[PDB]
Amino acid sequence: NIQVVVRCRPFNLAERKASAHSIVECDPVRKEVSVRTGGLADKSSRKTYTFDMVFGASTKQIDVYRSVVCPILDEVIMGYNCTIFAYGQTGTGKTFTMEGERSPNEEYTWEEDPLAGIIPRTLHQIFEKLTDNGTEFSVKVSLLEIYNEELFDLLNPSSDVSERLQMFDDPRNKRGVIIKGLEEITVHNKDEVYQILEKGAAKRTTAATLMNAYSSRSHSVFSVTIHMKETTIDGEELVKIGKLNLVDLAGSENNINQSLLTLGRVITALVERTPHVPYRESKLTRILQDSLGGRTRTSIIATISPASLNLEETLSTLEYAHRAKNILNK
């Protein structure tokens, strides 16, 4: 059930000018990825894997958004809960896929930037798809990040990062938590998206100075909750509630990341049909417990490098991502 797509990234300038030979190959139509585990391009040993979708270095943001995100957003907009994770080693494109970047030289507007990733495209699309149509709706976002088993709010402008939040269990709905003091910001219009992300980015900078390897070691959860009162062309009024969580995981490479470790152990228990699934063992899996063998529609985007130096890590990531194909939820 859980859908797992692989995204390979392009070689950088340091790799192009250093004449880099991709040890990776992608077959979208065959949904397959091949990794040369040794030897030459003349003759070689290769390892093959089959996923739910595969995107090669040539894949653009728009490609990923139309192919994977738009269908998930329609489900959220149907009153569903969905979650998408970006998993992979540092330098492979987790943040790039989830948030994207800006085109150089102030070339574009944030709505047009071909470099924009999932989070920005998604927030812009919600206001598109709903505004036109006859829908009443509010949009709330929160940005909850985990570093060394502590919780931070990257959107609260009244508090500074160093203030960690407390998490408790939800006495109402089992298998869910309440995070005390976490800000939920209302996005009044599309021209409110940008400044929200501007503020999160800003705070991220301070978090980064307060904590070592922050961008590499933290897990970030950006959630958009949609409240809709849709009045069909007829006159019916459907009240729906959707939540999409977008998770940029800490680098997969290997102190200890308890949330990463637990995540991997939760997948193992799920796919090996073990009675005990160790959710409670980390903040992340407690937060996102419903996304793992829960009533949530989840997708994993595994990001790999094409360079030869990263073979062991890309192998490790493919292997990890293949296994999660066997987790049944919803």
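Residue numbers run from 1 along the displayed sequence. Heads up, when I say rigid core I mean the largest set of C-alphas that superpose within 1.5 Å between the two forms.
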item: Greatest C-alpha divergence in 7 other deposited structures of this protein once each structure is fitted on the rigid core, 300-308 or 270-278; value: 270-278
item: Greatest C-alpha divergence in 7 other deposited structures of this protein once each structure is fitted on the rigid core, 244-252 or 167-175; value: 167-175
item: Unmodelled in at least a third of other entries of this protein, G117; value: no
item: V54 left out of the model in a third or more of other PDB entries; value: no
item: Deposited but uncoordinated residues in the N254/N255 interval; value: 10 or more
item: 171-179 set against 243-251, stretch whose average Cα temperature factor tops the other in the entry; value: 171-179
item: Given 210-218 and 226-234, the range whose Cα B-factors average higher in the PDB entry; value: 226-234
item: Per the PDB entry, maximal CA B factor within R102, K94, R204, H188; value: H188
item: Deposited CA B-factor, highest of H276, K283, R297, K60; value: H276
item: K330 - Cα temperature factor, lowest/middle/highest third of chain; value: highest
item: Record-listed C-alpha B factor of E107: chain third; value: highest
item: Lowest, middle or highest third - CA B-factor, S316; value: middle
item: CA B-factor ranking of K43, expressed as a third of its chain; value: highest
item: Lowest, middle or highest third - CA B-factor, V161; value: highest
